[PDB]
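A.B. asks: If you scroll down you'll find the structure; I have some questions about it.
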Amino acid sequence: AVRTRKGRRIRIXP
RNA sequence: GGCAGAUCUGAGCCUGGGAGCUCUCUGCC
């Protein structure tokens with residue numbers, strides 16, 4: 001999974 | 001208990017600014 005944090009672009013494995 | 005999805009947004013933190021830490025919501029078994 002992919003996720004963004006108003007600045008920091010993150011992700012969780014798939 | 002396990003699995004899946006989610007952040008100019010569901011929120012905060014760390015600097016390296018990610019594929020890290022914590023919380024929350026929804027769905028399924």
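Letters A, B, ... mark the chains of the structure tokens in the order given; residue numbers begin at 1 per chain; ligand numbers begin at 1, in order shown.
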When you get a sec, could you note down which chain B residues fall within 12 Å of chain A, using only C-alpha atoms (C1' of nucleotides), as a list in words?

C.D. replies: residues 4, 5, 6, 7, 8, 9, 10, 11, 12, 13, 14, 15, 16, 17, 18, 19 and 20 of chain B

A.B. asks: Using DSSP on the backbone coordinates, identify the residues of chain A assigned to strand (DSSP E or B); present them as a list in words.

C.D. replies: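 These are the residues in question: residues 2, 3, 4, 5, 8, 9, 10 and 11 of chain A.
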
A.B. asks: For those residues, write C-alpha atoms to a file as a PDB file, in the first residue's frame.

C.D. replies:
```
ATOM      1  CA  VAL A   2       1.028   3.619  -0.629  1.00  0.00           C
ATOM      2  CA  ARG A   3       0.348   6.688   1.474  1.00  0.00           C
ATOM      3  CA  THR A   4       1.326  10.333   1.493  1.00  0.00           C
ATOM      4  CA  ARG A   5       1.823  12.621   4.495  1.00  0.00           C
ATOM      5  CA  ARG A   8       6.360  12.859   3.399  1.00  0.00           C
ATOM      6  CA  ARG A   9       5.371  10.295   0.725  1.00  0.00           C
ATOM      7  CA  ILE A  10       5.312   6.871   2.380  1.00  0.00           C
ATOM      8  CA  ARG A  11       3.998   3.377   1.835  1.00  0.00           C
TER       9      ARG A  11
END
```
